[PDB]
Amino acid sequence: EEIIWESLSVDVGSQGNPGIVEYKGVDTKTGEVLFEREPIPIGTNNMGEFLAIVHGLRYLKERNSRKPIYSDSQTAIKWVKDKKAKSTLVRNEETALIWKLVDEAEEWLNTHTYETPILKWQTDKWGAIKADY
């Protein structure tokens, strides 16, 4: 019910779906952009949302930060919890990059630890997540 302002908010941005995908993480309190992924030619909204959360985990772990991560993606939050991105996007030469990043994200998750709470951003009550495009 209470927004945890001392947190990291991440979100995907795209042009088409499947389409060009990117993501960024921002300080929930100030909106300051902390990281941003170079656009990936072809990917899905959910893969991007997943990549954004995993990058956030890696970003916070490297800085010894225990702050939670906000995401508005029910799908991505579940994929991270399961440490498995159940995407339906076809695996071919054109989607090789997005799949490589997804596979590497999964790989990282299955070989590292973290206590970072991954929280659902309550869009219907709080408005658009701060990392929204």
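We number the residues from 1 along the sequence you see.
- Relative to its counterpart among 71 to 79 and 26 to 34, 26 to 34 has the higher mean temperature factor, C-alpha atoms as listed in the PDB entry.
- Looking at mean Cα B-factors across 53 to 61 and 96 to 104, the upper value is held by 96 to 104.
- Among the modelled residues of its chain, residue 120 has a C-alpha B-factor that falls in the lowest third according to the deposited record.
- In this PDB entry, residue 129 carries a Cα temperature factor that places it within the middle third of its chain's modelled residues.
- In the PDB entry, a CA B factor belonging to the lowest third of its chain's modelled residues is recorded for residue 47.
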